[PDB]
Amino acid sequence: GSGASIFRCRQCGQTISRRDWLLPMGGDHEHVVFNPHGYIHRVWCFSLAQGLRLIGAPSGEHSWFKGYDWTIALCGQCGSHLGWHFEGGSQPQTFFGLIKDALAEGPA
Ligand SMILES: O=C1CCN(c2ccc3cc[nH]c3c2)C(=O)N1
Ligand SMILES: [Zn+2]
């Protein structure tokens with residue numbers, strides 16, 4: 001393999017994204033934010049991610065990224081919750097905000 005830095009689903013090993021695809025939303029790819037119950041999520045933003053399935057309809061409620069609606073993104077292979085897909089925005093129109101602790105960075 002290439003050894004290129006990629007992110008795998010911690011639960012099943014599926015390749016989900018690459019360090020090359022980190023996206024600095026608002027100036028940083030990492031956003032330490034909270035779900036509505038006060039649990040911290042260290043979210044890493046990516047311009048592209050693979051192997052995900054979206055569930056439900058997009059919502060604007062509690063959106064961490066002003067102007068974007070979110071949808072839950074699961075691993076399409078094992079069903080584990082890996083983060084959210086954001087859409088309806090300006091630049092970029094869509095992106096992924098993934099939970100860093102749900103992924104494992106490693107060599108491709
Ligand atoms: O931008 C977003 C992403 C989704 N999100 C969220 C919403 C509800 C729940 C309930 C448990 N974890 C949640 C996370 C949020 O607050 N903002
Ligand atoms: Zn998985």
Side-chain angles (χ1 to χ4, degrees), residues 1-41 43-108:
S2 66
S5 201
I6 66 168
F7 293 83
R8 291 181 175 86
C9 170
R10 203 165 272 282
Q11 304 308 298
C12 81
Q14 189 192 25
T15 292
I16 301 298
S17 203
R18 304 176 56 86
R19 177 159 284 271
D20 290 348
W21 302 341
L22 282 167
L23 169 64
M25 285 300 295
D28 198 340
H29 66 260
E30 174 174 275
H31 293 240
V32 179
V33 290
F34 292 86
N35 79 4
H37 311 308
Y39 312 157
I40 293 181
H41 285 304
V43 170
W44 283 22
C45 298
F46 292 88
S47 50
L48 177 58
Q50 294 173 328
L52 299 173
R53 177 191 183 174
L54 306 190
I55 63 108
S59 170
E61 306 291 302
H62 314 269
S63 181
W64 298 312
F65 297 98
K66 180 173 171 63
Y68 292 85
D69 286 347
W70 52 269
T71 304
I72 286 167
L74 305 184
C75 179
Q77 295 298 301
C78 76
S80 296
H81 181 202
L82 296 188
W84 301 267
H85 184 248
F86 287 92
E87 76 181 82
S90 59
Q91 305 306 142
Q93 280 192 333
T94 67
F95 66 96
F96 292 86
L98 303 182
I99 299 170
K100 183 198 179 181
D101 294 345
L103 303 170
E105 189 174 354

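All residue numbers refer to positions in the sequence shown, counting from 1. Side chains included, hydrogens not; waters and symmetry mates left out as well; all remaining heavy atoms used.
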So, do [X] and [Y] sit near enough that their side-chain heavy atoms are less than 4.5 Å apart?
| X | Y | answer |
| --- | --- | --- |
| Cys75 | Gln11 | no |
| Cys78 | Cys9 | yes |
| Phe34 | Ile40 | yes |

What is the distance from atom [atom1] of [X] to atom [atom2] of [Y], rounded to the nearest 0.5 Å?
| X | Y | atom1 | atom2 | result |
| --- | --- | --- | --- | --- |
| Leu103 | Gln14 | CG | CD | 11.0 Å |
| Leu22 | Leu48 | CG | CG | 11.5 Å |
| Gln77 | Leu52 | CD | CG | 10.5 Å |
| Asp101 | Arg10 | CG | CZ | 7.0 Å |
| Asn35 | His41 | CG | NE2 | 4.5 Å |
| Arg19 | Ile6 | CZ | CD1 | 12.5 Å |

Next on the checklist: Checking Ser5 now: which residues fulfil side chain to side chain donor-acceptor pair (under 3.5 Å) with it, not counting sequence neighbours?
Outcome noted: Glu105

Donor-acceptor pair, side chain of [X] and main chain of [Y], under 3.5 angstrom:
| X | Y | value |
| --- | --- | --- |
| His31 | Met25 | yes |
| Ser17 | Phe7 | no |
| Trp84 | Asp69 | no |

Same hydrophobic cluster for [X] and [Y], using side-chain heavy-atom links shorter than 4.5 Å among ILVMFWY?
| X | Y | value |
| --- | --- | --- |
| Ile99 | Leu23 | yes |
| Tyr68 | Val43 | yes |
| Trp21 | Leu82 | yes |

Which atom names give the shortest non-hydrogen contact between [X] and [Y], and what distance separates them?
| X | Y | value |
| --- | --- | --- |
| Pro107 | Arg8 | O-NH2, 2.8 Å |
| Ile16 | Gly51 | CD1-O, 4.2 Å |
| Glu30 | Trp44 | OE1-NE1, 2.8 Å |

Checklist outcome for this item: Sorted by chain and residue number, the side-chain contact (heavy atoms from CB on, under 4.5 Å) partners of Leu74 (sequence neighbours excluded) come out as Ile55, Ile72, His81

Checklist outcome for this item: Only residue of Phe96, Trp70, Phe95 satisfying ring pair (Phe, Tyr, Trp, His ring centres under 6.0 Å) with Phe86 is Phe95

